[PDB]
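Undergrad: This one's experimental. Sequence and coordinates below.
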Amino acid sequence: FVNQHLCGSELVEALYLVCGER
Amino acid sequence: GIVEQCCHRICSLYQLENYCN
């Protein structure tokens, strides 16, 4: 993911990662 | 837009936090 294009399911995966919280 | 910034182009994961609704 480092310096990678984030599209579709992979963008979704990153978004859930960043926005997840306790 | 997130697609233009992160899919079309390269963005850091830090730049995704702006789209946490």
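TA: Noted; the coordinates are in hand. Residues are numbered from 1 along each chain as shown, chains lettered A, B, ... in the order given.

Undergrad: How many residues are close by residue B:16?
TA: 20 (other CB atoms under 10 Å in any protein chain shown). (Each C-beta comes from the backbone N, C-alpha and C, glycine too.)

Undergrad: Name the nearest residue to residue A:1, sequence neighbours excluded.
TA: Spatial nearest neighbour of residue A:1, excluding adjacent residues (CB to CB, 6 or more residues apart in numbering or on different chains): residue A:14 at 6.5 Å.

Undergrad: and residue 14, how many residues sit next to it?
TA: I'll assume chain A. Based on other CB under 10 Å, the number of other residues close to residue A:14 is 18.

Undergrad: please go with chain B instead
TA: 8.

Undergrad: And residue B:11, by the same measure?
TA: 20.

Undergrad: got it, and residue B:19?
TA: Residue B:19, neighbours per other CB under 10 Å, totals 14.

Undergrad: for residue B:13, same thing?
TA: Neighbour tally, residue B:13, other CB under 10 Å: 14.

Undergrad: ditto for residue A:3
TA: Around residue A:3 there are 7 residues (other CB under 10 Å).

Undergrad: which non-adjacent residue is nearest it?
TA: Nearest to residue A:3 is residue B:10, by CB to CB, 6+ apart, at 5.9 Å.

Undergrad: wait, that neighbour sits on residue A:5?
TA: Yes - using CB atoms under 8 Å, residue B:10 makes contact with residue A:5 at a distance of 6.4 Å.

Undergrad: could you say which helix or strand contains the residue nearest to residue A:3?
TA: Under the criterion of DSSP states H and E, residue B:10 resides outside all helices and strands.

Undergrad: where does the helix or strand hosting residue A:12 sit relative to the chain's centre, distance-wise?
TA: Applying DSSP H and E as the criterion places residue A:12 in helix A:8-19. Centroid separation for helix A:8-19 versus its chain: 3 Å, with CA atoms, centre = their mean, to the nearest Å.

Undergrad: And for stretch A:2-18?
TA: With CA atoms, centre = their mean, you get 3 Å for stretch A:2-18.

Undergrad: Show me what it is in contact with.
TA: The contact list for stretch A:2-18 (CB atoms under 8 Å, 6 or more residues apart in numbering or on different chains) reads A:1, B:2-3, B:6-11, B:13-14, B:16-17, B:19-20.
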